[PDB]
There are 2 protein chains.
Amino acid sequence: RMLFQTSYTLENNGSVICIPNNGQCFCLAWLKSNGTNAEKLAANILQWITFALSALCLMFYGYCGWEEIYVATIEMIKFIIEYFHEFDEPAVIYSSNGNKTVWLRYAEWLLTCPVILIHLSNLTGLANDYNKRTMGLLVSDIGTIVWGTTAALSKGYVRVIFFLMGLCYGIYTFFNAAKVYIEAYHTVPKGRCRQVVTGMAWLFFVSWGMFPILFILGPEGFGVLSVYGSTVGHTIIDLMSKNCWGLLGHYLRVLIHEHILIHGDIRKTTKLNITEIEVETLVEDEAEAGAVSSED
Amino acid sequence: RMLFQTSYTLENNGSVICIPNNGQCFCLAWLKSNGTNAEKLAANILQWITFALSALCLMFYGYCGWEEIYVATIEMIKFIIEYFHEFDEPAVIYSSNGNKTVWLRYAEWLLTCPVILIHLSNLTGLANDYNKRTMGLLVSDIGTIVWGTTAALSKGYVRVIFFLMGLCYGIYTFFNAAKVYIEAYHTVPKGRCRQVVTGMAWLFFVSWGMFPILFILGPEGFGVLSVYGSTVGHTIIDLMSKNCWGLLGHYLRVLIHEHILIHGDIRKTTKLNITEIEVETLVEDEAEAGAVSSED
Ligand SMILES: *[C@@H]1O[C@H](CO)[C@@H](O[C@@H]2O[C@H](CO)[C@@H](O)[C@H](O)[C@H]2NC(C)=O)[C@H](O)[C@H]1NC(C)=O
Ligand SMILES: *[C@@H]1O[C@H](CO)[C@@H](O[C@@H]2O[C@H](CO)[C@@H](O)[C@H](O)[C@H]2NC(C)=O)[C@H](O)[C@H]1NC(C)=O
Ligand SMILES: CCCCCCCC/C=C/CCCCCCCC(=O)OC[C@H](O)CO
Ligand SMILES: CCCCCCCC/C=C/CCCCCCCC(=O)OC[C@H](O)CO
Ligand SMILES: *C\C=C(C)/C=C/C=C(C)/C=C/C1=C(C)CCCC1(C)C
Ligand SMILES: *C\C=C(C)/C=C/C=C(C)/C=C/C1=C(C)CCCC1(C)C
């Protein structure tokens, strides 16, 4: 099927390759199989299931709230491209050092990373404002993906360096995202809302932590995983990272806004020390509206 | 110098190319000259001058303020890479459809685009908070660069579509960046500070507007410009876009903070209508502290 040169002859007992002078790019590296039929079949099923969840979340959101729909919007456009051109350039980049780079994956990431991280900075949906910390989250997260993408495109010691630069940026991201979830927990009402925030934290750190692991395991790292193998791994963490997290997000948002509809915006002053941080604790009791220095 | 296959023989009257079976990638497309010695010489001079300005801005900032230093930090690391590996993968990506993509350029852009756009959302340096508009600026700007990068990696009608998707995102970015500059102008004190804001607006829209123009003109578009040609064009708008704009930014910041040191934080309520917008006008007179509905 390929639109690089696939036909060649071996000459001088396979020491010389002869190709048609038809202007096409040529590299043996590009023609290596993407994996077993079983791996491919597994990958095509999880992709349809991802298309189904992407489709239902969008229509569901159809019945503020812009960050969840967008991630599902980008996810549906991703599947139409996968369906028609999954391994066609530039969904996959076939480069001169022999690498296959899944640009489709990294592009989606850079497009939605501000959307997801804005949403991280807006769990309750009540804020109109974003602090200095939000901005450090976006700068560090974009750096991570840019160094990572560079590492995927490189080889040898150059790949090692850019991966390590991605990790330094990534640690800063994880560290600060952890504080946000802590503040969110002590901001939202005491019941079901704190269960959902806790659920979102687990999904976030498991799914986000798995991406550098799948990088090291895939063709971009030690080549342990095949390309279909990598696809399957990515579909699982993709469903968690995007669809499910936005669904939990939308759910949380509904719950918080309904709290304002029933009890109203009753804030508090929980002074945390996880440092000397502060928080406005939404409560269901008008009585409760005081400074609660809960040093962690 | 290249580390893809550069040596080949023509056989059957140039209808067959024979190459050593040494595992190297091969494409005639990759070997096309990058331009004239004159273009190259011009490009190497502007790069050193860019290194010099990057070096002086950094040391100058050495005598809040994080966004300007970072852009100069990234710019210096860019020049050390240019010096050693300007046309080596993945500073340039040589891909299977024959394209040469200057990943070095787009990577820098994605890394600093949040930094610059945060700084756009913080001209005075007094704000601790960022509105919903800032967040739309970051989402739209990153989309622009991602669609653009995809367009550079593609060919034919696929390149046309992604470029057009980049333009749609880009228009949203320009439109909203214009409002920010209008608000900044009516926020800062009446004298020299409004000259600098006006200077920053001109630099911003000229330099940012030139990037899609250089894309259409370069190998990524209609191939009018050569690679050295493109480099020279990029060095000129690079000096404006990064060094000079951050220098004007730092200057503005100093002026505003010195206003608080002399007169103090004396805000107003200029209600704009460029819609029904509002602004806190810093003034040098304690007397002036009222609502001035200046409908534009
Ligand atoms: C043809 O190329 C092949 C490379 O496989 C050569 O075959 C092998 O030769 C080496 C000896 O240097 C042995 O170690 C291997 O056992 C051989 N067989 C295989 C399957 O690898 C062969 O010598 C070459 N012929 C000429 C004329 O150069
Ligand atoms: C060798 O290939 C060349 C291609 O350049 C052929 O030369 C040309 O042949 C065509 C005729 O079909 C003419 O229109 C051109 O004027 C010729 N010269 C050039 C410089 O292009 C040549 O015919 C081929 N020989 C064989 C045996 O196939
Ligand atoms: C913060 C998130 C938590 C989890 C994050 C996991 C950290 C991974 C680090 C491992 C160091 C090992 C070096 C990795 C360097 C990558 C380069 C590489 O794989 O190169 C391929 C090789 O040259 C050809 O086989
Ligand atoms: C908002 C900023 C203001 C200024 C912004 C300028 C707008 C550029 C649009 C031009 C439309 C023309 C179509 C451009 C499509 C690009 C694809 C391309 O160049 O393809 C190469 C071609 O196939 C091989 O020669
Ligand atoms: C599409 C949705 C999500 C949440 C995508 C996330 C991607 C990452 C968290 C990637 C992280 C990387 C790290 C931490 C370091 C190695 C390079 C990566 C870009 C793979
Ligand atoms: C390094 C500093 C700056 C300011 C880089 C800016 C880059 C752009 C403004 C690129 C814009 C593009 C547009 C508007 C549409 C075509 C694709 C581009 C990515 C080239």
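Values below: every heavy atom of this structure, side chains too, minus hydrogens, waters and symmetry copies. Note on naming: letters A, B, ... go to the chains in the order of the sequence lines (proteins, then strands), and numbering restarts at 1 for each one.
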Whatever's closer than 4.5 Å to a heavy atom in chain A on B/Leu110 counts as both

Close side-chain approach of A/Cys25 and B/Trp30, heavy atoms under 4.5 Å:
yes

Report task. List the steps and the verdict of side-chain contact (heavy atoms from CB on, under 4.5 Å) for A/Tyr130 and B/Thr134. Result -> CA-CA 9 Å; A/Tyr130 304 88; B/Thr134 307; over 6 Å; no

Note: vs chain B, highest number of non-hydrogen pairs under 4.5 angstrom among A/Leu104, A/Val139, A/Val115 is A/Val139

Of the listed B/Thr149, B/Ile145, B/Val158, B/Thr112, the one with the largest count of heavy-atom pairs under 4.5 Å with chain A is B/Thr149

For A/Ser154 and B/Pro90 the tightest heavy-atom approach is OG-CG, 3.1 Å

Okay, B/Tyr70 and chain A: the region with an atom under 4.5 Å from a heavy atom over there is side chain

The reported gap from OG1 in A/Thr101 to CH2 in B/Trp103 (rounded to nearest 0.5 angstrom) is 10.0 Å

Comparing A/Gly143, A/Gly98, A/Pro20, A/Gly14 against chain B, the one with the most heavy-atom pairs below 4.5 Å turns out to be A/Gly14

So CD1 of A/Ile142 and CD1 of B/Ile142: to nearest 0.5 Å the spacing works out to 3.5 Å

The reported gap from CD1 in A/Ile17 to CD in B/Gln24 (rounded to nearest 0.5 angstrom) is 11.5 Å

Applying a strict 4.5 Å limit to non-hydrogen atoms, the region of A/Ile19 in contact with chain B is both

Okay, B/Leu111 and chain A: the region with an atom under 4.5 Å from a heavy atom over there is both

When the 4.5 angstrom heavy-atom criterion is applied to A/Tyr8 and chain B, the contacting part is neither

Would you say the side-chain atoms of A/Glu89 pair up with the backbone N or O of B/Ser95, donor to acceptor, closer than 3.5 Å? no

Okay, B/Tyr106 and chain A: the region with an atom under 4.5 Å from a heavy atom over there is neither

When the 4.5 angstrom heavy-atom criterion is applied to A/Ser15 and chain B, the contacting part is backbone

Interatomic distance, CG@B/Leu138 vs CG@A/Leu117, rounded to 0.5 Å, equals 10.5 Å

Whatever's closer than 4.5 Å to a heavy atom in chain B on A/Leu10 counts as side chain

So CG of B/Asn21 and SG of A/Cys18: to nearest 0.5 Å the spacing works out to 10.0 Å

Comparing A/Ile74, A/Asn22, A/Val16 against chain B, the one with the most heavy-atom pairs below 4.5 Å turns out to be A/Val16

